[PDB]
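Chemist: Numbering (the deposited numbering), first residue to last: 1 to 59.
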């Protein structure tokens, strides 16, 4: 399911952004969730995956 996969990814990305204190990333993650709930486009899932990879690259 696309929604269940997005929610798991959202919690993982939000958790990392909070650990880093990255307020800008936190707001991007919330916007991505709002857009995915509105549109449902799988490209929004890919965007969040790439944002998570970007944050993981900073660790």
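Note that the Cβ used here is the ideal one computed from N, Cα and C, for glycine as well.
Compute the distance between the beta-carbons of residue 52 and residue 9, then report whether it is under 8 Å.
Modeler: The answer is yes: Cβ separation under 8 Å.
Chemist: If you compare alpha carbons, which of 59, 58 and 36 is closest to residue 5?
Modeler: Nearest option by C-alpha distance: 36.
Chemist: Straight-line CA distance for residue 55 to residue 47?
Modeler: If you take the alpha carbons of residue 55 and residue 47, they lie about 12 Å apart.
Chemist: Do you know how far the Cα of residue 58 is from the Cα of residue 18?
Modeler: Taking the straight line joining both Cα atoms gives about 14 Å.
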